[PDB]
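Alright, here's a single protein chain in two forms, structure 1 and structure 2, each given by itself as structure tokens.
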Structure 1
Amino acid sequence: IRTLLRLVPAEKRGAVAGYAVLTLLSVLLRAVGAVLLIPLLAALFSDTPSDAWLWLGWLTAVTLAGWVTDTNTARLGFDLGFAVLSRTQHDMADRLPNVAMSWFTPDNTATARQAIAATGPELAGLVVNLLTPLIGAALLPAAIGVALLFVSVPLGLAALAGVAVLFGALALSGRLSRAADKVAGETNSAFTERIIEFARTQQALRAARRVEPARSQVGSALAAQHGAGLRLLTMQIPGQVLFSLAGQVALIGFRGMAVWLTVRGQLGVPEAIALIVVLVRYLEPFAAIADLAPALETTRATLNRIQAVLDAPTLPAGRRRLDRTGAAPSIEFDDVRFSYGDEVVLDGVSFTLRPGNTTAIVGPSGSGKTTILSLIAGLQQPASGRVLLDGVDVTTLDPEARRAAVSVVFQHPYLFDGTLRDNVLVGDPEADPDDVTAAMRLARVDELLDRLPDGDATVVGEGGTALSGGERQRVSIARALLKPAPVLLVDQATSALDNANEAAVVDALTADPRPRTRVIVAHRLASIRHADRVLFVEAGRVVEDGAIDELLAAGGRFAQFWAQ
């Protein structure tokens, strides 16, 4: 419960206090109603049945109060569960765009996918489904044992000894199945990730004869999942056995104490008859708690996933804002060192780019020329250095002003499942239809509209898979051009576009009306057509820079790059 309370909003902690008070009150009312039988039956079966009206009236008052407190506890539990759901999901949605790229390891991505996917009703109504019945069942036998003190001190104190064994059995049941449940969850998560991968790359698996379950990764994952699940089912038998034994031992203790009291004459026969009913009520929570152990363990796992996602490390950021909202900001690198793990990617990269120019970055694959644009865009951040936009370090910029000052054409153009216009519109959703049409026209997306039956309403699939590679690249370029960001980056310009579309898009990128600082990465000389400045990066260091014609005349490594 410690991991859950920290997740509740500070708004709702008054509701949490109300919930806890009403839970205790409801348990006490239920225990009073259980033990109010003993005076009631003692008076009813005795020679004067008229003395049962008082206890019947008190029982009616107690059960009405129990109904009222239970409806109110249900309302508060539902509200708390959904408030925790909404706040946790919103915090995960707001935090993940700020989480460092290094955090999205395969296991961390699996945890994040599972945590967001745990937004269903299984977690929303967690309080009502788990915490209310669990606490009620846990505190009812103790509450009855305390209440039995009024009827008889030794009987009540003997009944409470049945709660110590209850807690012992609960702890043992949890700790015996802790390992098997963890392995079951691990295998289930691995199977989920393998199903997603299997359905996501069906082409490569099919062509490689690695799809059928006798030979595939999803098949091995399913076999391991089945083994872990059967082991878990086998390993939950000790929990049920221990709870049954605890209930039986509590019955033996209660029965022995009641028989001793009746034999000694301190307890009437009708009181013992009522104590049979009270014993039946006392024993029922032993079974109810045994039902909720798997639910409790799954809830613990889900909340650990959610807290792991909320604990992820966000990127460093400041509160500055760029001076030139519209004008072209100069992009500068000054001793920018970046590294993936122990691998050095950039070592002392230093280049100053004039505002408003068109800069070209070229070089062998694996050089680091997409990492330069990643650093300029702020997706990454230097390990030791300072990327400046118009003299202002990007690390100190507010995130909103950071993302409002760069537009990027990614190397692998991911597109969200939705209409084509919804993918282009994300570049600037408040943009007028004229701006969207101009952006589509520049990026040569008008060819798609005349070709596809639905025009710009055509639905793209998972990723950009329901369009050709060049078509989704052109949609990505349209998206990037639609944004009014003064800086424009291009990780790979026209990789999947034919010669005509490539030439048209290359003209359009340099011919966009507003002023911008344009950095473009390319592997073909036609796509750096009339670039003001050129940079050649070979192993994370700018080997040479200058004009295209100057580099060709110099005969350096840029000149022999295209000789082949």
Structure 2
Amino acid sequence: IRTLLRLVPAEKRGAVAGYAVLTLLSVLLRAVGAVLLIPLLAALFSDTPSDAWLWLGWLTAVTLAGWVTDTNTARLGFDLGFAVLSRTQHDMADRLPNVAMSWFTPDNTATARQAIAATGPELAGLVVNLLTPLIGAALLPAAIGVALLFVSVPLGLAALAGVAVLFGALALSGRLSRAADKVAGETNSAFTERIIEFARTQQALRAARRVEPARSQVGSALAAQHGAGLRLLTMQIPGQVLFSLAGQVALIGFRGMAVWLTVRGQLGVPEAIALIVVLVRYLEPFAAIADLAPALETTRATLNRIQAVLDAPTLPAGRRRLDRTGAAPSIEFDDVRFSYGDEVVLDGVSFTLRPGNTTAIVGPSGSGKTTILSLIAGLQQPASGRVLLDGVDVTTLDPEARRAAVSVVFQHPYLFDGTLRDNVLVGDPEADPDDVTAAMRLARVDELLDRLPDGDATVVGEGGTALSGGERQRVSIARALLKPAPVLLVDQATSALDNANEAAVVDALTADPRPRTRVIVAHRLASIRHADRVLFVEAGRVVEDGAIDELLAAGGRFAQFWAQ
């Protein structure tokens, strides 16, 4: 519960304190409501039943007060339930973009997707459905138990012992199925991961004949999910029957004690009949707890996944604003080193790029030339050394100022499910429509609008799957050209474009109106035409650099690179 309370907003803690008072008031009235029956019924079965009128008055007063508190405790429980939900989901949504890229391992992405997937109403009522019946049935059966000490000590002590064994039985039910519910959650989570892969990589699986359940990886995930699913019920339902039966055994036991005390003469017959009736109030709270064990574990699991995201390592940052806010910054590396895990990517990479000029990066695949554009954009950060944008270390840059200083054309262009214009507008949603058409026209996206029926309203699929390979590449280029950032990083933006569109896009990238410091990566010589400078990177180090004509005349590795 300690992880639960800390997730509430600071402004909402006033409602948390008020909720606890009404939760104590509600139990106290309900226990008092049970106490007022024993004088009532004992007076009712007596020779002077007129005394019942007084004790009926306090029961109605406590009953109405119980209704008022219970409706208000639900409203505070509802408000607190969504206050935690809206706060945590907004915190996770604002945290994940700043979380380090290495954090998104296949398992971590599953918990992050599951944690985001808990936005439904099942977690919204984590207070009303789970805490309120649980707290009400932890304090009230004991409150009735202590109240019975003033009517019969053996019966009152038995009631307190009943709370001990009933909660003890609940603990044993949880301990039994804790191991099974751990396996159930993992196998149920892995099934979700494989369904996503099944529907996302369907083309690769089908051609590989890996889609039948008898051989698919999702088929194995379902089979394992079923085995853990059944195994949970086998170790869960015996927990619930033992608790449910022990509740009825306890109740009939106390009703037996009330009768037995009557036989021995320690308890009046009217008071015994009153206690037999009132003791149903002892089992009423414990009845709710019986079926909340599945709810308690699922709620505990989601709150663990939520807290896992909020414990994720945020990327380092500073508060320095970029000095060249408008002009083109000078990009440079100062002994920048970087490594994914253990494999060394960059070792002793150092170059200085002039402001406003266009520079090309070339080299064999796996060299580490997408990593260079990642470090400049701030997606990655060096293990040692520092990247400077106009003499300002990127690690010290304000993250708002860090993203505004770079625009990237990613190697694998990803588009979001939506219209074509929406994906172009994410580069600069405040852009004038003239700027949007200028960017689309420059990136040759106007060709798509002529061909496609809807024009700039075609509903792209997940990723760019409802567009061709070159169509989503030109939407990516238009997205990057629209952003007014003074640095443009181009990571193989002409891979899936024919010679007609590649030649036009290359002109647009290197001849857009505003000034920028342009870095280009490409595996085609026509994609780095008339570039001012070149950077050849083979082993994660810049082997040679200079102008294209100088390198071709020199006859180094650059000349052999395009020889074939």
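Counting starts at 1 with the first residue of structure 1 and goes up one by one along its sequence. So that the term is clear: the rigid core is the largest set of C-alpha atoms that superpose within 1.5 Å between two forms.
2 Å-or-more CA mover between the two structures, where superposition uses the core and the choices are 253, 121, 469, 366: Result of the comparison: 253.
Any chance the CA of residue 285 moves 2 angstroms or more between the two structures, core superposed? Indeed, residue 285 is displaced by 2 Å or more.
Following rigid core alignment, is the displacement of the residue 153 C-alpha between the two structures equal to or greater than 2 angstroms? Indeed, residue 153 is displaced by 2 Å or more.
Please check if residue 341 moves between the two structures, taking a CA shift of 2 Å or more relative to the superposed core as movement. The answer is no, as the C-alpha of residue 341 shifts between the two structures by less than 2 Å after core alignment.
On a rigid core superposition, how far has the CA of residue 263 moved between the two structures, in Å, if you could check? Residue shift at the C-alpha: 4.1 Å.
Where the rigid core has been superposed, how far does the Cα of residue 28 end up moving between the two structures, given in Å? The shift comes out to 1.4 Å.
Relative to the superposed core, report the C-alpha shift of residue 478 between the two structures in angstrom. Spelling it out: core superposed, C-alpha of residue 478 shifted, distance 0.2 Å.
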